[PDB]
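**Q** Below is the sequence, then the experimental coordinates.
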Amino acid sequence: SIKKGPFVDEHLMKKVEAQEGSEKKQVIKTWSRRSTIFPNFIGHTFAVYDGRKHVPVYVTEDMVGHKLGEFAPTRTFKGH
Amino acid sequence: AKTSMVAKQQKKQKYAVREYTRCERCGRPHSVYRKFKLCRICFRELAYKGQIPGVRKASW
Amino acid sequence: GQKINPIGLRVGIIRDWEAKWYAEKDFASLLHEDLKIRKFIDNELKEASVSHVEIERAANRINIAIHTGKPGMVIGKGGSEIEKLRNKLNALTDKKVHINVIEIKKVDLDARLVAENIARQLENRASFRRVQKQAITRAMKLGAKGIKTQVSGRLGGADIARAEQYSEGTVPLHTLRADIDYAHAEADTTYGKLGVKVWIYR
Amino acid sequence: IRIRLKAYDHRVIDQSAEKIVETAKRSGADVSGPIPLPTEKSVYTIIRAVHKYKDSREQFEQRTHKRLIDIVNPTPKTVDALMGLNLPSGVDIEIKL
Amino acid sequence: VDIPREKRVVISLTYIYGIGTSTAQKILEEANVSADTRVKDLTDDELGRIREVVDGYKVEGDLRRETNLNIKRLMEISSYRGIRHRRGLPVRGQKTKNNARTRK
Amino acid sequence: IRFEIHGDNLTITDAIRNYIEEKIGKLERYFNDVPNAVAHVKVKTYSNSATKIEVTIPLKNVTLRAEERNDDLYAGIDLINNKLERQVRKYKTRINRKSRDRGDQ
Amino acid sequence: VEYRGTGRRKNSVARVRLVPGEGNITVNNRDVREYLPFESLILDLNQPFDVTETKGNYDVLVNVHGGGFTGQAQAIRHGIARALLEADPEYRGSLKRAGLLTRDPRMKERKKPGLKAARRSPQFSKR
Amino acid sequence: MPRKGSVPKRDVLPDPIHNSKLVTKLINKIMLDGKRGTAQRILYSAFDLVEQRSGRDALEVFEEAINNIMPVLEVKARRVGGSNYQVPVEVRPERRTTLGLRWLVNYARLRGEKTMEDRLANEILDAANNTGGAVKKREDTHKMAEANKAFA
RNA sequence: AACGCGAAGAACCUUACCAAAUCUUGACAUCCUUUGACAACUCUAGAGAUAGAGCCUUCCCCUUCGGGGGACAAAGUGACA
RNA sequence: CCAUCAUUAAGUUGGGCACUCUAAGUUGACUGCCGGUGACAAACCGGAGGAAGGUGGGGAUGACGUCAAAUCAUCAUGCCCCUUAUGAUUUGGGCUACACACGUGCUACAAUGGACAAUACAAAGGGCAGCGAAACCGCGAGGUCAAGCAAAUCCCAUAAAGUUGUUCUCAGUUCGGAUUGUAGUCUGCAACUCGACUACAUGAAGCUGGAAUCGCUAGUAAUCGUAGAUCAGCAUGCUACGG
């Protein structure tokens, strides 16, 4: 995770360049745990598989500081 | 269970990060010695039996 | 108590090695070729009165010495089976040159033989206490000094395991002078595994 | 010339040092004899129990006994011991020229 | 800004928000102050030359304004780094068993 | 006077977790008048014969062990508490012979 | 005249010599008070030649090796004690009865496994 | 071996400055956590203030101050059960030396000043003048062991 | 005499657990039969294993005919794993 | 490994100084040797004799046996069970969750300290593309190549505590540094779940702890730092090491 090559999943970047040309579709079933959020991802909706059930989330413009896997929870905590 | 994991090891993985080690007769992976490639159980066994070359017992 | 095995005290102190080679670089992989041909020699011989083997390696002429309490059976008929062994032993490794065999007198005073031949007196399931006493009474008759042997589990055919040892003679397990030799066999009786230890001296 | 003599046993590396110091003085040599390098031991500390127990363990060690032989009178009779391979049992010889 | 007197200036500028052991080097760079300046320092003509270098810094209170909204931005996106603020969670991937007390 | 309970191949209920403290707990609370200790309850099922219950309570000097090999895990503790209450009285009358009339010279 | 003795204590060898002159030590070619740290144990280090009273007699100039400062000291007073018995050989009973000439008697003890460090067993809760 | 017999007690090395065994034993008891030099320097700067606040040399003042510390009766507990179990027993000369050194240091650590530059030397001149805090617990032992005098 | 113990190295692997995606002579071993004799390498589709094509159709000896021994396993079950 | 020779950058180089040291192959400590009043009954008690003295210190070695003690998850096999699965194959979780409750340790709650400058002294062990110097370029974690080498020499590696001097002045203050945002350093297909440091910020509990309880008889308690096995990366653990 150096300056040299901020990491992209790159099996997802190929699937999002077809989306941003014309009118976007509102689902990409993916895993996206490895990749970061850079401004070629805004608007699109990803169903991030948290191990159990793929959770939809769409990308805002304040999301560029963080990466894509940090959103779908895997704990299932609520409990006490 | 055991020989599936032995078969998983000896094939070449996709990644050098996986780089997984076990023993040649001990099924366990979890106590290897990379000069001996033996588990701690049988290395205790075949050094008492002397099948390994020169290795004293103890009491330096 | 937790008696450790009597060979492990004495390897190099009052004994020598069952493998006497050296390899600084690539010590790991060509150590595995030893217990390849420690399994493999123990496969097709299949109690040809084999006590133990020795391995020595020098300049891709790697030696194997076997003791063979019944000599000639590994040799065959005038160098037949000894040449029929190097037809496979030289294929499992590269060279396996200068395969040979020496002989031993007193066929059942080496403890590897003494444990094995009365462990094979357990698949016929006949009188384990005499199977003990056959080994003790013959021992110092043939020239031994101290004898000690036991059988551990599923003793006699019952449910609860019971050790059962018989002894006489000087068996100094704590004295580092002593040439104690032990062995452990894996006699199955189709209701579990019986374990049998022996202890010979001189 | 620095003939490297290293081995696991100490009775074997000493009797094989007596071979090379004998089979060189018979030739035209001026042998600086065997001086003992320090032994490069290594301790392996396994634990004794089959399943559980620490706090009760058996230590293991293996010792290499290093010596070196050097000659500064190279004749073709001195190298007859160098070309002549003897005691190959548990000693390696790293012959440098 | 609101620094206390009667102590050395290498520890005195530490008392405000936003300075720890940078007054030993960074404030000492621009201003020609020394290490042994007590209350008796006459730092009024030197008050101006530290005012020029502290004006570039975010230190005196206004950093805590940006520090507060960085958490508020972080919880509004509802990240795992942000849920741990709003939920007493240690945030930086720590073991939340027995010895996790300072977040309660 | 905690109860680190654990059952070998038996799922512990909560009706046991109140029946323990009434008999194993309370009948030894009035013994040991300065108490700070931990109990230990094993329940080991054996499919061939029965279950067994082991209760060990260590103290300052002498511990307290008892075993029953019954299968009823409510009637067996009626005998564990019987063996526990006997062993405490052995401990106390051992140390309640302080009352010895010894007049110094 | 160079009466060269050796001396060991606590995994630190110390070889000395005895050139005549006066009492002046040159441990590792430098002054003692700038090498040995706090000057207390130097008057305990002068105890071996005190009983032969050769104060203004011998310069020593030790080359010491290994150990620490109380391992380098207490090994040159044992160092010159082997050298004082080839200076005053009849004065052996003066050093045998009082201190210096005994030995390197004891070093650090082996760390046994299954233990914290060197015979100190670790704490357990339930007695 | 404390039941085969008695342990053979060992010799110490006297100080170079005062030429006293008693000074070195004070060095070893103020030696917190094995630091010999960093504690010996403090004692060598805790008798100069003694020799500053009194003209006498401190090797006289030390053995004069500890005599107001060293008690002559103490309490050894004998397991008599229902009795008082506190027998007033006089002090052996080895424990007589040690237990005075113990009280001199253990109450030097509980004064107002922080440096043992003058934590130590203040209590010495108090013990030289038969006052302070390490003297007054000797009298507390001499009001406890001398109150239960029915077990001589 | 359990509790920095099996763990002398849990991001993936380990991993035995769970949720998914798809396999049944099984990723492994053995007789084996035709030994069909490497799909021994790249593009495309893909969480990804896998799937579809482009493909190094062989490998050594010794007869004389093209077999047997090591030849890869595409299919097989008496079996077995 | 350099007393005596010097051209000491120290090449510890020239010679070899081989002497000491060190590193390895062997000679020697047992109540052998005396005196006790001590009577013979061995011991004990006190000497001298060697460097060592009373099984020298320590390790290895654990009798008959006890606990149906602990592992059918290192293995191995009696019996039972499973066979479109209770076996497989993948990336994605989890083993790292938490209002909590006991174990075991680390760092502390300071002016026998803290911060900054100087200046010493070790042992053990590792280095099969691994250890990577001296230079640089970075505040730093570190990057770029060659210098050496498969090693008593080359490297990890300048141990640290100490000592010397300047400081703060006795407050939750220059005590420590938990926790949160800024560096993106490095390893690795990839550090979000879920790493490792350092960089400027922020600075919380904490003023030596109740009843109770544990370790330890000399190079031992105590402390200080260095190594290795695991390991691509990662210990406050473990195992060895000396001060």
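**A** Done, it's in. Numbering: from 1, shown residues only, chains lettered A, B, ... in the order given.
**Q** Where do the helices of the chain begin and end?
**A** Just so you know, I chose chain A. A:13-16 (DSSP state H).
**Q** should've been chain G
**A** Ranges of helices within chain G are G:42-45, G:47-50, G:69-72, G:79-84, G:92-96, based on DSSP H.
**Q** Residue C:132: which element?
**A** helix C:128-142 (DSSP states H and E).
**Q** which outside residues touch that helix?
**A** C:106, C:108-109, C:114, C:118, C:121-122, C:147, C:149, C:151, C:155-156, C:164, C:166-169, C:198, C:200 (C-beta atoms under 8 Å, 6 or more residues apart in numbering or on different chains). Every C-beta, even on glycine, is put in place using the N, C-alpha and C of the backbone.
**Q** One more: stretch B:17-36?
**A** B:2-3, B:5-6, B:8-9, B:13, B:37-43, B:52, C:27-28, C:31-32, C:35, D:44, D:46.
**Q** near RNA strand J at all, stretch H:115-132?
**A** Yes - interface with RNA strand J: stretch H:115-132 contributes H:115, H:116, H:117 (C-beta under 7 Å from any atom of the strand).
**Q** The residues you listed in helices, which ones?
**A** Filtering the residues of stretch H:115-132 next to RNA strand J for helices - DSSP H - leaves H:116, H:117.
**Q** sorry, back to before: distance to chain B and mean neighbour count added to the helices of chain G, as CSV?
**A** As requested, the helices of chain G are exported to CSV (distance: least, C-beta to the nearest C-beta, whole Å; neighbours: other C-beta atoms under 10 Å in any protein chain shown):
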stretch, distance to chain B, mean neighbour count
helix G:42-45, 34, 17
helix G:47-50, 34, 20
helix G:69-72, 22, 18
helix G:79-84, 29, 25
helix G:92-96, 34, 15
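**Q** count of residues packed around whatever residue of chain H ends up closest to chain A?
**A** Closest to chain A within chain H is residue H:33: 43.4 Å, counting by C-beta to the nearest C-beta. The number of residues packed near residue H:33 is 6, by other C-beta atoms under 10 Å in any protein chain shown.
**Q** Could you report the separation of it from residue H:39?
**A** 9 Å (C-beta to C-beta, to the nearest Å).
**Q** Grab the nearest non-local neighbour of the residue sitting nearest the centre point of chain A.
**A** Taking C-alpha atoms, centre = their mean, the centroid of chain A lies closest to residue A:68, which sits 3.9 Å from it. Spatial nearest neighbour of residue A:68, chain neighbours left out: residue A:32 (4.3 Å); criterion: C-beta to C-beta, 6 or more residues apart in numbering or on different chains.
**Q** Of the contacts of stretch B:17-36, just the buried ones, ChimeraX syntax please.
**A** Command for ChimeraX that selects the buried part of those, burial taken from 16 or more other C-beta atoms under 10 Å in any protein chain shown:
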select /B:37,38,39,40,41,42,43,52 /C:31,35 /D:44,46
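**Q** Tell me which of the contacts of stretch B:17-36 fall in strands.
**A** If you go by DSSP state E, the contacts of stretch B:17-36 have D:44, D:46 in strands.
**Q** Of the contacts of stretch B:17-36, which belong to helices?
**A** Using DSSP H, B:2-3, B:5-6, B:8-9, B:40-43, C:31-32, C:35 are the members of the contacts of stretch B:17-36 that sit in helices.
**Q** who touches the lengthiest helix in chain F?
**A** For chain F, the helix with the greatest residue count under DSSP H is helix F:77-95. Contacts to helix F:77-95, defined as C-beta under 8 Å, 6+ apart, come from residues F:19-20, F:23-24, F:27-28, F:31-32, F:53, F:55, F:57, F:59, F:61-62, F:64-68, F:70.
**Q** and those, which are buried?
**A** F:20, F:23-24, F:28, F:32, F:53, F:55, F:57, F:59, F:64, F:66, F:68, F:70.
**Q** Closest one of the residues you listed to chain G?
**A** Nearest to chain G among those, with distances taken as C-beta to the nearest C-beta, is residue F:59, at 9.6 Å.
**Q** Could you list the residues of chain B in contact with RNA strand I?
**A** B:1, B:3-5, B:7-8, B:11, B:13-15, B:17-20, B:28-32, B:40.
**Q** The longest helix along chain D and chain B in contact?
**A** The helix that spans the most residues within chain D, counting by DSSP H, is helix D:10-25. No - counting by C-beta under 8 Å from any C-beta of the partner chain, chain B has no neighbours in helix D:10-25; the shortest distance is 9.5 Å.
**Q** Cross-check the contacts of helix C:128-142 against RNA strand I and keep the overlap.
**A** For RNA strand I, no contacts are drawn from the contacts of helix C:128-142 by C-beta under 7 Å from any atom of the strand.
**Q** Make a PyMOL selection of the buried ones in these.
**A** To isolate the buried members of the contacts of helix C:128-142 in PyMOL, using 16+ other C-beta under 10 Å:
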select buried, chain C and resi 108+109+114+118+121+122+147+149+151+155+169+198+200
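**Q** Of the contacts of helix C:128-142, which belong to strands?
**A** Short answer: those in strands (DSSP E) are C:147, C:149, C:151, C:164, C:166, C:167, C:168, C:198, C:200.
**Q** CSV for those residues, including distance to chain E?
**A** Shown next, in CSV, are the ones in strands among the contacts of helix C:128-142 (distance: C-beta to the nearest C-beta, whole Å):
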residue, distance to chain E
C:147, 58
C:149, 54
C:151, 50
C:164, 51
C:166, 56
C:167, 55
C:168, 60
C:198, 53
C:200, 57
